[PDB]
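Understanding the architecture of this molecule
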Amino acid sequence: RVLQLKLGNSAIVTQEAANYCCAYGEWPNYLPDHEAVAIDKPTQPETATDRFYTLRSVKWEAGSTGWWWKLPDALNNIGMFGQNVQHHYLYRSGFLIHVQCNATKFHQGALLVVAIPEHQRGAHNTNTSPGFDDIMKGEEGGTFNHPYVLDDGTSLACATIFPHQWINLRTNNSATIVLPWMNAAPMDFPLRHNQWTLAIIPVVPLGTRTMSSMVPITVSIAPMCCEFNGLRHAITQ
Amino acid sequence: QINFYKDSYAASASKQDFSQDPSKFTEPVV
Amino acid sequence: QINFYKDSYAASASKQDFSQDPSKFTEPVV
Amino acid sequence: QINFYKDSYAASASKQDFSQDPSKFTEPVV
Amino acid sequence: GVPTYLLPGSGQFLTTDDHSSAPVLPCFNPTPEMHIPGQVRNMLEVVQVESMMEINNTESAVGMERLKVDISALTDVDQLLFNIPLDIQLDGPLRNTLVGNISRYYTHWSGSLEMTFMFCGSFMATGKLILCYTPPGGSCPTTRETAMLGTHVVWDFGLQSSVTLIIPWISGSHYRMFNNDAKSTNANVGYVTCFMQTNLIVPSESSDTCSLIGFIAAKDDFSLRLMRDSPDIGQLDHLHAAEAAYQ
Amino acid sequence: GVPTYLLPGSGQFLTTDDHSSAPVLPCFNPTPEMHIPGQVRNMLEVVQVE
Amino acid sequence: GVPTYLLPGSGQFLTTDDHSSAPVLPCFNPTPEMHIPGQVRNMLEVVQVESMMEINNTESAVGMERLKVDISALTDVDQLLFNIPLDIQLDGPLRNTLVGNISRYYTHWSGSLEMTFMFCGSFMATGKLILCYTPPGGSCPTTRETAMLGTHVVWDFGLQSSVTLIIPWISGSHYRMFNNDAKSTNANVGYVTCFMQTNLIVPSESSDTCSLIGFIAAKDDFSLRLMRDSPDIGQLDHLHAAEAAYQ
Amino acid sequence: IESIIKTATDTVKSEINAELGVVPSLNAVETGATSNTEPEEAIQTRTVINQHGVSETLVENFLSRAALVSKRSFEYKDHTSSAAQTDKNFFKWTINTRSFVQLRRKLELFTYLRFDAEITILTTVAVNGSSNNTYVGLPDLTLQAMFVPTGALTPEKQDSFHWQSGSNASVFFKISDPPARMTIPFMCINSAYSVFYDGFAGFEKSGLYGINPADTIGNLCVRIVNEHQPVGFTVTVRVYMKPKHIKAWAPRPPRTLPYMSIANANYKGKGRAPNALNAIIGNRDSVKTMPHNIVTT
Amino acid sequence: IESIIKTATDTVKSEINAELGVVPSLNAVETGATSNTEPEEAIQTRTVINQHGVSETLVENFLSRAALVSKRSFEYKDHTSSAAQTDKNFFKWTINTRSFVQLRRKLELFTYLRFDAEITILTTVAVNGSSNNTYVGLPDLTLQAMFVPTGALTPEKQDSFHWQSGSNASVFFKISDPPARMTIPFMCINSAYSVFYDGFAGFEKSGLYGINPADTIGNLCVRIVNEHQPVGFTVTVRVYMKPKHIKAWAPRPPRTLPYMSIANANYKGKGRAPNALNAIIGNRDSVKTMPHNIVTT
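Residues numbered from 1 in each chain as written, not as in the entry; some residues may be left out. Chains lettered and ligands numbered in written order. Part of a larger assembly, values for the part shown. Heavy atoms only, no water.

For this entry, the PDB record names cryo-EM as the structure determination method and reports a resolution of 2.0 Å.

Below, the structure written as structure tokens:
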């Protein structure tokens, strides 16, 4: 029930957690010499990159459909992680995700928190594929159009096959997930492919009869075991 | 099982791996 | 007898069981 | 590999000689 | 040379065959393997994971509203809340689940199921429910005093959020059969029903109505056989851009 | 490859033949056997009854 | 005799097959082997030899003029001299080389390259150059202070005539792919660029302009796979005298 | 923990329980773990020894069946006057597993796949039914199928010098043979194929979403080798694929709404349930209505 | 020094260098040796263990694929009135590897070659499309192919007594069979074939340059064995060759300009680049212009 997370110069404490999840039972690690491809000596920044960053908070409201963010895209402009991303051709890392939401003993509601590998989105009622500005939202993230079909014509009911936790407001006030490297290749170009999508979906809507208040949801993310290869001049999105 | 081709990928299908671990999907917790 | 199929039900017919007990039909008494 | 012909030149192709020496082209100097 | 003769079945193409065949690219080296998370080797590993039941399959419920059941305080004792049909091959609340979708590629099934329910009311809300499974033979029960004669669990709301009901394997035959008849003695599983054991009781500042989410999975005694084309997908035409592959 | 030739009777279908043939359902498991009363193995067991 | 049946693929002719076949001339004795210089057994032995780049592929350069780059003294600091595209499947300065020609019979490639440059000015001429390799992601650099952030070597003219720049294998995937798209993340290699580090400085009796010859080869970490017809040759008709073989 | 499993699990005999501090039927779904309650903890049980096999649900058995991937029809005739869109005694096809929905939905249960592909080619012919034609018998034609890598040069006409096949693999076969067959190896530049791809194929922003050329197997180029006869025929070619030597990673939610295109994951749904955008399961009158309720008489 | 190599080489970890009298990036091209600078000497490196195979670039694999070497069409009919230049139900061909450019360019990468040759013969037929003819079905004809040494006597007509084949090798085959196949041994009077020959074939000065009769494999003589039918057909014969048991010496610069003739190495080039006599590579505007430069937006 009680937990502390400590990385670099950053720490998080919670008094109402529900264990935590390791995706597929794995833990993050550096790339070993028998799986390596690029021959240059890699940059490994340690405590400069491997620390918690906190995004903008979002408001939970009676009409909310749910929210999403793509990795690494949401972090590509933040701190020394963003600087290393802009100066190198190749990157690799895991992630540790911590989602925060609290309310009174008189509130009710439930969030599914899920990490989806290769969440390739579909458009609704057209033959044309999604454009660059539909996908690459950066630190702001996006919202679901049709959360019942995950915006891809599959279903929400089976989404529990992916790494996930719940926030149920009578039980707990935070969720925690650890993600390994998840790709067909040992390293990748961070500006054109996303390994993971974080999705937050309100399956049971927020409700009470007590005094009204603004109820925010907050996301903190820490990269783990960062490596970079192919140093050059700075290039942006 | 009969195979006279030189390249190993030419062979018949393989249906003898009975190893499982459901816990990586059913119990992904510390 | 020649069989190169993997499933055992694919085999030829079996005609070697000469075991009998007529008494279960001819003498069913205590 | 199957061969029932009498003359040895009738056989299949040979793809097992991995011996090399690049130095006769890259370093032809005394 | 060798004297030979040809059997019946010579030259046929059978789509379930298993033979070696000629390599297109001789001396080709495929890319080295590397470790990737989450390898799967039997589909029975997937079928053991919980997924949500669509219990509220009613004309007025839209999208995510179909995935929850709402309950409220009652003025009368012993009342029925909801029921679930258990015919895991047919269209119904169990179909769009990990166990339902994988099972519909096969024709025969066997073994035990578990249903798990999670309460999503406020912390100050209280209540007790009874969950019953009735083996087949006649009509679904409509009163608590009839239903409690079957397999059941009585559930108390508290610090543990959720309860499991086991649906045990009870059958005359080794397998049940996905024949196109719900009333066959080889197909019907019986019924699940839910009743008030006490009442839902809440204070004035909590919401007057609370929700249940229902989940289903198979146990490790589960088995499937006789594979077939799935009825969950089909086409009457070529898809868009399918012609462009020829141009 | 192997040099071969075809005999008379190649490709015929004889209704009393006995050969292996291709399985329709690979990896299929048939239902376990159980004891059942009154098994019969030769028709001469039946012919001995009045 | 032996009972048999025929598989799918019986009687087909596949051009990459490997079987024994009937000898035309029985009891024939082929001529004895003798030692001959320069035997080759893998095409990767040939690909390791240096050959000249056609860097000066411009409308005004005729024949042998295309194989050299001319450099002269400048009035301004930090100036760009030339650049080279690295896409070893496409038409460009690398194509008509031993590594380029052999690679265009295959579809996938991997491993490191070396570029070597030879200075062909007078003995009394002096200068320093910087040679840079930039990994992919955006536009080719146009200023020395941008290019020097990449992999580079600074070269001093002297008694040793020539310098080598290694282009190291830096890729996400194990292989790069000869798809027909220069801007693909599976195909693009980045850029090579050359700048003045000081200036070309010569006395009055030397020629005012001096030449560079550029060479390329692969290292022994290099690999090729998936063979195809080469795009460097073709015909629309029979050649001259081809009919006389039938007469 | 990993173990070898050849049959479904046994059941053990169990007794009455009444114990303080022990509650095996209660669970914590919020953790993300599945319920660990066993039948012996929920009810009284007998001993049962279980002999049911589990081999028909192995991943190699589930995916390794030959399925239709291409079907093309063209006219075999003199094409001297035909319009430029016509398949003039030959065609080209870019190999994909997305055009026929039963194979597509099965492969899309996984995120990454590694396999070799066994290809089988089936051919049929008929006489063209114009009012000038009787039936006349069917010819035993020879066909050539040539394998060409993604984006490489392909033949422009039935008698091009490109059909000389000096390093490309070609197969030649007759209509009277058994179907032609060969195996293509696992050819990806990565350690597995990506079934789904959340990215763009190139360094500029204008590229295609969701398409990754490294996963494309190649092109197949097919012609009739014979010259045209005095009369026209219609020829139909069918291609089948069977995956083998399979590895699979990260299972996914199945597709529920109909497919729209081979290029993307776009959706619309049926007009009414089942499989509508607002309702996947067919309706019932209330949560108390039992839809196939048995009637006693 | 000779060694066995089954995979590409490994890379080793490396540190900072600052050492007097040592300059591994400088070289002396004038010696004729290739640069010996290693990646570990040019940059800082990690350790990498390399598993890439090298077998698809073996010389036996590079050359041993079946390629088209001859294609001939002739009319099967009564030839009583035909002109003397006609192939009257038979033809003769002098075996060569120079007529189709994809095989020619690959063999011309080497100066000397030793191999056995596997020969495959493919046949097709069609009804002649004159206005008096319907379609009628296709006959299952028998063909004879006879191997004849360089300069020996060849048949003058379809029914010559020369076809009795008393010591010459003949193969008889039907159109309904699989393609006919046989192996011809390495037949040269020398220890290898000469791919190029800088000399004259005879003791007088008037002989052919660049031709050496010792490298000519022989003649192939082909006929239809059946008598003519009441109606005409067109028959087409294709010959394929696959080299095997190969040895190769002294590699050469590849051909760049188009071929002109089977008799010699003569050249002309394209009218404009690429592959023009004055310009092999396509042009760009300047030595500072990057031709596929990525644009950022």
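Another point: the overall build of chain E. When you go through chain E residue by residue, the secondary structure sums to three helices and 13 strands. Taking 2.2 N^0.38 as the reference for a compact globule, 247 residues should give roughly 18 Å; the C-alpha atoms of chain E span a radius of gyration of 25 Å, well beyond that estimate. Along the longest, intermediate and shortest principal axes, the C-alpha atoms of chain E span 90 × 45 × 40 Å. For chain E, buried positions account for 62% of its 247 residues. For chain E, the proportion of contacts with a sequence separation of at least 24, taken over those separated by at least 6, is 81%. As presented, chain E carries roughly 8900 Å² of accessible surface, and 52% of it is formed by carbon and sulfur atoms. When the 12 positive and 25 negative side-chain charges of chain E are each reduced to one mean point, those points stand 5 Å apart. (Helix = DSSP H or I, 4+ residues; strand = E, 2+ residues; numbered from the N terminus. Rg over C-alpha atoms; globule rule 2.2 N^0.38 Å. Buried < 20%, exposed > 50% of the residue type's maximum accessible area, 1.4 Å probe, protein only. Contact = heavy atoms within 4.5 Å. Areas by Shrake-Rupley, 256 points an atom, 1.4 Å probe, with all protein chains shown as cover. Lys, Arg positive; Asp, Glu negative; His and termini not counted. Charge placed at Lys NZ, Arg CZ, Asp CG, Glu CD.)

Along its length, chain H carries three helices and eleven strands. Along chain H, helices (α) and strands (β) appear in the sequence β-β-α-α-β-β-α-β-β-β-β-β-β-β when read from the amino end. For chain H, the spread of C-alpha atoms along the three principal axes comes to 90 × 55 × 45 Å. The contacts in chain H between residues at least 6 apart in sequence include a share of 76% that link residues at least 24 apart.

This next bit is on the sheet that holds strand β13 (residues 223–225) of chain E. Residue and element names in this part refer to chain E. The strand order across the open sheet built from three strands is β10-β5-β13, with neighbouring strands paired in antiparallel fashion. With partners counted over all chains shown, the strands left at the sheet margins are β10 (176–177) and β13, one partner each. Bridging between strand β5 (residues 108–110) and β13 involves three bridges; their strand directions are antiparallel. Note that in β13 the partner of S110 across the bridge is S223. (Pairing = 2+ DSSP bridges.)

A few words now on the pairing of strand β2 (residues 10–14) of chain A. Side chains on a regular strand alternate between the two faces of the sheet. Residue and element names in this part refer to chain A. Burial along β2 is one-sided: the face carrying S10, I12 and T14 is buried and the face carrying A11 and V13 is not. Inspection of the sheet shows strand β1 (residues 3–7) paired to β2 by five bridges, in the antiparallel sense. Bridged to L3 within β2 is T14. With antiparallel pairing between neighbouring strands as the criterion, β1 and β2 make up a hairpin whose turn holds two residues, including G8 at a positive phi of roughly 55°.

What follows is about the interface of chain E and chain F. On the side of chain F, 21 residues touch chain E, which itself brings 14 residues to the contact. Of the roughly 1500 Å² buried between chain E and chain F on both sides combined, carbon and sulfur atoms contribute 64%. Applying the counting rule to chain E against chain F returns zero salt bridges. Seen at the junction of chain E and chain F, the total is eight residue pairs in polar contact. Of the residues forming the side of chain E that touches chain F, the biggest block, five residues, is contributed by strand β1 (residues 2–6) of chain E. Summarising the sheet, β1(E) and strand β1 (residues 4–6) of chain F pair through three bridges and their orientation is parallel. (Buried area = accessible area lost by both parts, 1.4 Å probe. Salt bridge = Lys/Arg side-chain N within 4 Å of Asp/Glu carboxyl O. Polar contact = N/O pair within 3.5 Å; in protein donor to acceptor, adjacent residues only side chain to side chain.)

The next point concerns the sheet that holds strand β10 (residues 219–224) of chain H. The strand order across the open sheet built from five strands is β2(G)-β7(H)-β6(H)-β10(H)-β4(H), with neighbouring strands paired in antiparallel fashion. Strands at the two margins of the open sheet, each flanked by one partner only, are β2 (13–14) of chain G together with β4 (90–94) of chain H. Judged from the five bridges that link them, β4(H) and β10(H) form a sheet pairing that is antiparallel. When the bridges of β10(H) are listed, H:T94 appears paired with H:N219.

The next thing to look at is the packing of aromatic side chains. If you walk through the whole model with that rule in mind, you get 43 aromatic pairs over all chains. A network of ring pairs unites the aromatic residues A:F81, A:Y91, A:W181 and A:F228 as a single cluster. Here the basic side chain of A:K105 rests over the ring of E:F123, its NZ or CZ set 3.7 Å away from the ring centre. (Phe/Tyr/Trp six-rings, centres within 6.5 Å; stacked < 30°, edge-to-face > 60°. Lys NZ or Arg CZ within 6 Å of the ring centre and 35° of its normal.)

With that settled, consider the nonpolar core. Counting residues in hydrophobic clusters, the biggest one holds 304 residues, and the most contacted among them are E:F82, E:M115, G:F82 and G:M115. In this view, E:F82 contacts E:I55, E:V69, E:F117, E:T193, E:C194, E:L212 and H:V287; residues no more than four positions away in its chain are not counted. Within the second largest apolar cluster, twelve residues are counted, among which are A:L7, A:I12, A:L96 and A:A222. (Core = buried A, V, L, I, M, F, W, Y, C linked by side-chain atoms within 4.5 Å.)

On to helix α1 (residues 79–87) of chain A. Within the sequence span of α1(A), burial applies to A:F81, A:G82, A:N84, A:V85 and A:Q86. Close packing links the buried residues of α1(A) with β4 (53–54), β7 (88–100) and β13 (215–231) of chain A.

Tallying the contact residues gives 101 residues for chain H and 104 residues for chain E. Taken together, the two surfaces of chain H and chain E that pack against each other cover about 9100 Å², and 56% of this comes from carbon and sulfur. Linking chain H to chain E there are six salt bridges. Salt-bridge contacts for E:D17 lead to H:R181; the nearest nitrogen and oxygen are separated by 2.8 Å. In this assembly, chain H and chain E are joined by 62 residue pairs in polar contact. Considering every element that reaches the side of chain H that touches chain E, the biggest residue donor is strand β11 (residues 233–251) of chain H, with eight residues. Residue composition of the side of chain H that touches chain E, by class: 50 nonpolar, 31 polar and 20 charged. Across two bridges, the pairing between strand β9 (residues 162–167) of chain E and strand β2 (residues 26–27) of chain H is antiparallel. If you follow E:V163 over to β2(H), its bridge partner there is H:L26. (Nonpolar A, V, L, I, M, F, W, Y, C, P; charged D, E, K, R; others polar.)

On to the arrangement of the chains, then. Across all C-alpha pairs, the smallest distance from chain A to chain F is 27 Å, and the two are not in contact. In this view chain C stays clear of chain H, with the nearest C-alpha atoms of the two still 12 Å from each other.

Counting through the fold element by element, E:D232 comes out in the segment after β13. Judged by relative accessible area, which is 7%, E:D232 ranks as buried. Side chain to side chain, E:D232 and E:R104 meet in a polar contact 2.7 Å long. Once residues within four sequence positions are removed from consideration, E:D232 is found in contact with E:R95, E:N101, E:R104, H:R105 and H:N275.

What the rule picks out here adds up to 49 salt bridges over all chains. A salt bridge links H:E75 to H:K77, with the shortest nitrogen-to-oxygen separation between them at 2.8 Å. Connected through shared salt-bridge partners, E:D17, H:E118, H:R181, H:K242 and H:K244 make up one network.

The next thing to look at is unusual backbone geometry. Omega for the peptide link from A:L71 to A:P72 comes to 10°, which places this bond in the cis form. Note that A:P72 resides in the loop between β6 (67–71) and α1. Between I:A273 and I:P274 the backbone carries a cis peptide bond, its omega angle lying at 0°. With respect to the helices and strands, I:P274 occurs in the segment after β11 (233–251). Even without being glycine, A:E118 reaches a positive phi, approximately 50°. Locating A:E118 in the fold gives a position in the loop between β8 (108–117) and α2 (132–135). We classify A:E118 as buried; its relative accessible area is 0%.

Attention shifts here to the environment of I:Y267. All names here are of chain I. Examined against the element boundaries, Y267 turns out to sit in the segment after β11. Between the alpha carbons of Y267 and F100 there is a distance of 16 Å; along the sequence they are 167 residues apart. Leaving out residues up to four positions away in the same chain, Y267 has contacts with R255, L257, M260 and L277.

Its place among the elements puts H:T9 in the loop between β1 (3–4) and β2. Setting aside its immediate chain neighbours within four residues, H:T9 contacts E:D220, E:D221 and H:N50. Within the structure, the side chain of H:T9 is placed 2.7 Å from the side chain of E:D220, a separation counted as a polar contact.

Counted under the stated rule, the structure contains zero disulfides over all chains. Not engaged in a disulfide, the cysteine E:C210 finds its nearest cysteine sulfur in E:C120; these two sulfurs lie 9.4 Å apart. Take E:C210: its relative accessible area is 0%, and that puts it in the buried class. You can see G:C140 has no disulfide; the closest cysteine sulfur is in G:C132, sitting 10 Å from it. When its relative accessible area of 8% is taken as the criterion, G:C140 is described as buried. (Disulfide = S-S within 2.5 Å.)

Attention shifts here to a nonpolar patch on the surface. Side chains of B:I2, B:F4, C:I2, C:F4, D:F4, E:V2, F:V2 and G:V2 sit close together on the surface and give an oily, nonpolar patch of about 790 Å² of accessible area. Take B:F4: it is sitting in the segment before β1 (19–20). Taking relative accessible area as the criterion, B:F4 reaches 57% and is therefore assigned exposed. (Patch = residues over 30% accessible without salt bridge, like charges linked within 9 Å, V, L, I, M, F, W, Y side chains within 5 Å.)

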